[PDB]
Amino acid sequence: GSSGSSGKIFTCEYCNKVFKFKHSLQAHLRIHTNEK
Ligand SMILES: [Zn+2]
């Protein structure tokens, strides 16, 4: 049996790291950007 699953990915515009789901990237952006 397979060790995991892959498909369409989501890429960080700041460090070029890739993720499997949109919310995984959007939460990673909080190290690169801020909000007030
Ligand atoms: Zn990043």
# chains A, B, ... in the order shown; residues from 1 in each chain; ligands from 1
>>> residues_around(residues="residue 9 (chain A)", least_positions_apart="6", cutoff="10 Å", atoms="only C-alpha atoms", output="JSON, numbers by chain")
{"A": [18, 19, 20, 21, 22, 25]}
>>> residues_near_ligand(ligand="ligand 1", cutoff="10 Å", atoms="only C-alpha atoms and all ligand atoms", output="mmCIF file with C-alpha atoms, in the first residue's frame")
data_model
loop_
_atom_site.group_PDB
_atom_site.id
_atom_site.type_symbol
_atom_site.label_atom_id
_atom_site.label_comp_id
_atom_site.auth_asym_id
_atom_site.auth_seq_id
_atom_site.Cartn_x
_atom_site.Cartn_y
_atom_site.Cartn_z
ATOM 1 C CA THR A 11 3.028 27.309 -3.199
ATOM 2 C CA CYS A 12 4.399 30.000 -0.833
ATOM 3 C CA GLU A 13 5.253 33.240 -2.717
ATOM 4 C CA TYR A 14 7.831 34.110 0.033
ATOM 5 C CA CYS A 15 9.923 30.862 0.449
ATOM 6 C CA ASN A 16 8.608 28.557 -2.405
ATOM 7 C CA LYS A 17 7.433 25.787 0.039
ATOM 8 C CA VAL A 18 4.562 23.592 -1.301
ATOM 9 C CA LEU A 25 -0.377 27.447 2.978
ATOM 10 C CA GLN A 26 -2.618 30.336 4.242
ATOM 11 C CA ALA A 27 -1.640 29.532 7.874
ATOM 12 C CA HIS A 28 2.084 29.281 6.901
ATOM 13 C CA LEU A 29 1.878 32.888 5.478
ATOM 14 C CA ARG A 30 1.527 34.204 9.102
ATOM 15 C CA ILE A 31 5.362 33.818 9.517
ATOM 16 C CA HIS A 32 5.941 36.037 6.400
ATOM 17 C CA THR A 33 3.106 38.653 6.874
#
>>> select_by_dssp(residues="chain A", states="strand (DSSP E)", output="list in words")
residues 10, 11, 18 and 19 of chain A
>>> select_by_dssp(residues="chain A", states="helix (DSSP H, G or I)", output="list in words")
residues 22, 23, 24, 25, 26, 27, 28, 29, 30 and 31 of chain A
>>> write_last_selection(atoms="C-alpha atoms", output="tab-separated table (two decimals), in the first residue's frame")
chain	number	residue	atom	x	y	z
A	22	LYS	CA	-5.02	25.82	0.67
A	23	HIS	CA	-5.55	26.34	4.44
A	24	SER	CA	-2.09	24.76	5.11
A	25	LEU	CA	-0.38	27.45	2.98
A	26	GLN	CA	-2.62	30.34	4.24
A	27	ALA	CA	-1.64	29.53	7.87
A	28	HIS	CA	2.08	29.28	6.90
A	29	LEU	CA	1.88	32.89	5.48
A	30	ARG	CA	1.53	34.20	9.10
A	31	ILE	CA	5.36	33.82	9.52
